[PDB]
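The form deposited without adenosine-5'-diphosphate is given below as one chain in structure tokens.
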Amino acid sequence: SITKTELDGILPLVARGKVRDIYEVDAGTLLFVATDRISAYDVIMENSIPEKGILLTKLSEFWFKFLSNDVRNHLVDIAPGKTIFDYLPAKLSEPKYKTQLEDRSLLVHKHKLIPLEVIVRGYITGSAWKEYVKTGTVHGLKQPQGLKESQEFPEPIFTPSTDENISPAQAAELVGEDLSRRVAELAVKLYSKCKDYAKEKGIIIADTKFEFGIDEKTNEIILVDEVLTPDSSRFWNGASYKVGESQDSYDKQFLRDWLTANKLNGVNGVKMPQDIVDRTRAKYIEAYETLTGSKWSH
């Protein structure tokens, strides 16, 4: 299990997120490392979910290839017969580093960021549902009357965030009108395609958060960051789906129920019991095998 990467200053650290450690390789390249950390109620647990980061890396790699004709991405193309280790300083191939990096790492090109959280909603839940119940709006957008909790929207909608939920007009003030219209259309198209694929496999992807960049020389919108994982999206079990009710989290319900049962929800320094760790990891492996069609040996 890898909880935190330690590269002994071989590469400078750009950032440490909730789950990802990002290093700078050179002037135009970054190294994204997915660790095995997990979050619930805005807190990172003290222990890990073994191989979570490997599973989530491979799932994002699957989606990038699934959408390769629909949108360009930031991945550095590794030549045939080469590995990421051939594109990194030699020292990183020594056992002590190599073991922290293999299979959970992505080599990416640095791109100009579009500073917006691009959320696409196919189903009504979370803060969107709460807002709707009060004023009949979603990120200030007027909606049809009579939608039931967890119901599918007629057509998936772009509902940006900066964080704080904003309307599409506010996003046009932040990044420009043309740009915000182009990202909204692309995001919706991408989400619909994947949602439909996943739904045939038994997984309902209720919403997702995309991050985009722009290649200002070609003027292309580029798919960046993590794509359609249980950490950037709301995954629901298609089998238990019922409109008018709240849905369990595909991956995190076991953890969440244990926490609230013990009044540890939102508390720092909490170690999950082994049984929660194991049941949690088995769900990631099921998501991975079911969506990729690949088998996880261990």
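In this text, residue numbers run from 1 along the sequence as written.
This next part talks about the form solved in complex with adenosine-5'-diphosphate, which is not shown.
**Q** Please name which of the stretches 147 to 155, 192 to 200, 89 to 97, 221 to 229 has residues with heavy atoms lying within 4.5 Å of adenosine-5'-diphosphate in the deposited complex.
**A** Result of the contact check: 221 to 229.
**Q** Please tell me whether any heavy atom belonging to residue 211 falls inside 4.5 Å of a heavy atom of adenosine-5'-diphosphate, as the geometry stands in the deposited complex.
**A** The answer is yes: residue 211 has a heavy atom within 4.5 Å of adenosine-5'-diphosphate.
**Q** Taking heavy atoms only, is residue 49 within 4.5 angstroms of adenosine-5'-diphosphate in the deposited complex?
**A** Taking the distances in the deposited complex, the answer for residue 49 is no, it never comes within 4.5 Å of adenosine-5'-diphosphate.
**Q** At 4.5 Å between heavy atoms, is residue 237 in contact with adenosine-5'-diphosphate in the deposited complex?
**A** So residue 237 does not count as contacting adenosine-5'-diphosphate.
**Q** Could you tell me if residue 113 has a non-hydrogen atom within 4.5 Å of adenosine-5'-diphosphate in the deposited complex?
**A** Heavy-atom contact with adenosine-5'-diphosphate at 4.5 Å: present for residue 113.
**Q** Would you kindly say which of 22, 10, 285, 25 lies with a heavy atom within 4.5 Å of adenosine-5'-diphosphate in the deposited complex?
**A** It is 22.
**Q** Of these, 54, 67, 43, 264, which has a heavy atom no more than 4.5 Å from adenosine-5'-diphosphate in the deposited complex?
**A** None of the other options qualify; the answer is 43.
**Q** Under the 4.5 Å heavy atom criterion, name the residues of 89 to 109 that approach adenosine-5'-diphosphate in the deposited complex, in sequence order.
**A** Those in contact are 108, 109.
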